[PDB]
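In the form deposited without the named molecule, a lone chain appears below as structure tokens.
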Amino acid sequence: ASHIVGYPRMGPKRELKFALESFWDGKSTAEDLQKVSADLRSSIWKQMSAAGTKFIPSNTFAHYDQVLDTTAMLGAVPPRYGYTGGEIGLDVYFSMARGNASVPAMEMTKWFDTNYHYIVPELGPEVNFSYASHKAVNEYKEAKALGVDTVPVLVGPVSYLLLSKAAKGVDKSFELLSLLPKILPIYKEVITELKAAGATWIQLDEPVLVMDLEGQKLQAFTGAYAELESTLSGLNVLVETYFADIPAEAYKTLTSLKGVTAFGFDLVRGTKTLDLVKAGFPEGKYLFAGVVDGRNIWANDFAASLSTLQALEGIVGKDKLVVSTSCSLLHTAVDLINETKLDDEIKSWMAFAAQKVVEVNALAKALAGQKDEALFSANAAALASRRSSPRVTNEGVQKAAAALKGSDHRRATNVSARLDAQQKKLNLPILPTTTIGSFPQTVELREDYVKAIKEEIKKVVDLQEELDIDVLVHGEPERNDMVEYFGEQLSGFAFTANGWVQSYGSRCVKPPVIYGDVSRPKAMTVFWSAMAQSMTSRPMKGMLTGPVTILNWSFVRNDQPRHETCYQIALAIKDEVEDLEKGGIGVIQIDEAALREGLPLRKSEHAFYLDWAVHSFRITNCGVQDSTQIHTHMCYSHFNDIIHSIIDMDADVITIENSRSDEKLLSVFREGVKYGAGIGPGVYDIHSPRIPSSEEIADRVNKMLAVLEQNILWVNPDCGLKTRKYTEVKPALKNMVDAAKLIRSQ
């Protein structure tokens, strides 16, 4: 009775990532891939079953995205790609996914609240669905032809649409959920083909049920499962859900659904859902206790599990209890056993995909007999050491009794009271010019001062000679990733070697690991900033990476709250800001692009996030002279519904991912607001190699002089500049203060 909701699809060494690019660029027959893909599938099925894995998912693979695999199942393939019909393949899957030369790909978004991205279905009243992608059914026969019988994981009809989006044209008054009966048969055709394939169980992921559907939307679910009951005759169905706890209503509608004989809840992030089952439950259905994190990287507290996993036996037990992972072990890493650089003591404190597969099986076993007491002894030990090893609990739990000690608004001063100061002790003209954060390279190698400043100084002599430029920027050369960097300079901050995660396409990321109560005993920036602000006579702004962002983009421990760790990571910051303070530097820019990314799916749960999230940003400079001028960064174009928190951060100047949105919607910083401060909406989108006309920025800004103010304005880019080339970046900025100097004439 062991189930695993999903699994990674790139390799224990990122194979698919490369077999994709080999292919992608024209360096391998479309068979090299398949010889590859198949060589992976074969391993996972095999490696999963060999462990005792009961339900082994089939169709969790994907050359690109689960949601696209679905879009291909119904032949929803867009119109700009030119699809006539037939069994889709490569040319059209990636065409849509990556965009070919002549016509662009399809917009991508987040897989709920995870750091993965999916391909948003582009639907409407004119798309003609077609059963044009037998991936599902094929991979089943494959694995089967390999000795193992698998479970056909699939995306839920309704959920598919909910997550879908109606592309251009379609009148606004359209019901994106009206396609239900048009797509519901193409769903049938599948079912029956697999039914007749040899399948005994099947899986339907419907995570949206863990969102907030109003009474009307919920229904959608029913009207669609009462249409399948016929097709699902004498065949168990397992509807999946994850990343949250399901609301009474949603819980009801679900546990009552027609045709479904088993349900699975992410009981790691939704342990409230239990209370609704304790209260009421269906007949003798199946319960897939999803207690094995497929989100983080630590060995599931066996003891606990087995205790709760037991508690459930009480709700059922008549043989319908099944151990399962919480979410998909796709969102985690792969095989922990590709880690050595990490001292053993710690790998004992982890477990990645591969490890998790087993995890499910030892609790699977131990809850039925054969219990390798050699795991729980080893387990409770893995535990033992963590909740004790002085590497964990530190005298860093120092600045806490001094934390609950009131918030930390910046030394009062109704900003416009300090702004005056930040003028005398820092001059400047109207609309002071500046940039965003990083810059391009040259040859590069991978002493270090004879080659260090070498460029740090050219950036200097270039940022100066360049149309003057009131305020300047250093250029983060002495780093790698704004996050990767600061890491190895804080306490509970270890790093991994092979533990990778996907973030769309071949693209993958290796988020740092937070172990013990974080802390920066030693200085981290200082001279690197005083390096430049010693050469120039113009405002040199520092460079910090908010405690919000940092925290988010990383595997954060499971022994205490997100905020608690979060804040500590904010304390160390105040150490640095206060250093560019005493270190001289008058201006210190701080960024929090990864601000929104923490929003808890359950809306009523939001307000709290924005709590410790923003308070924390303040807990960075709540000890700064009324002369120091801090700027902040947020990579959002339309944060209209999160203006408050943005106004509560209390900053003298900021920046955002403006440039490609509205100049009239900017009048959102006043009506019922009135920010009274400085804002630098990136008038010019850096993410584009194509330089804009200097005749497009004067007005862009002249549309800001209207909806915004002129006695408080700034000049800068959309986002950072660590991708743009070099001949497309020089004849570029050489046209930014220009469109400003103008209007000043009066």
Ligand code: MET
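We call the rigid core the largest set of C-alpha positions that still match within 1.5 Å between the two forms. Don't overthink the numbering: it's just position in the shown sequence, from 1. Only residues modelled in both forms are compared.
When 563 to 571 is weighed against 462 to 470, 462 to 470 comes out higher, by mean CA B-factor as recorded in the entry. According to the PDB record, 417 to 425 carries the higher mean C-alpha B-factor of the two stretches 590 to 598 and 417 to 425. For the set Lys195, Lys510, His631, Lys451, the PDB entry puts the maximum C-alpha B factor at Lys451. The PDB entry assigns the greatest CA B-factor among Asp32, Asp39, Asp65, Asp699 to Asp699. In the deposited entry, the Cα temperature factor of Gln710 places it in the highest third of its chain's modelled residues. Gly682: CA B factor in the highest third of modelled residues in this chain (values from the PDB entry). Among all modelled residues in its chain, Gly124 ranks in the middle third by Cα B-factor. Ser43: CA B factor in the lowest third of modelled residues in this chain (values from the PDB entry). Split the chain's modelled residues into thirds by C-alpha temperature factor. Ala51 is in the middle one.
The discussion below concerns the form solved in complex with the named molecule, not included here.
The candidate stretches are 324 to 332, 588 to 596, 172 to 180, 274 to 282, and the one lying within 4.5 Å of the named molecule in the deposited complex by heavy atoms is 588 to 596. Not displayed here, the named molecule is approached by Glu476 to within 4.5 Å at the level of heavy atoms in the deposited complex.
Within this chain, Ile246 is remote from the site of the named molecule in the deposited complex, having no heavy atom within 4.5 Å. When the named molecule is considered in the deposited complex, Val36 lies well away from it, no heavy atom lying within 4.5 Å. Heavy atoms of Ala366 never reach within 4.5 Å of the named molecule in the deposited complex, leaving it off the interface.
The partner is absent here, but in the deposited complex a heavy atom of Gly437, alone among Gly294, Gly437, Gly290, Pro547, sits within 4.5 Å of the named molecule.
Note on the partner interface in the deposited complex: the residue among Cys719, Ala62, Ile697, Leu713 having a heavy atom within 4.5 angstroms of the named molecule is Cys719. Scanning 626 to 642 for heavy atoms within 4.5 Å of the named molecule in the deposited complex gives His633, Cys635 in sequence order. In sequence order, 743 to 746 is the sole run of at least 3 residues present in both forms whose Cα atoms shift by 2 Å or more between the shown form and the other one once the core is superposed.
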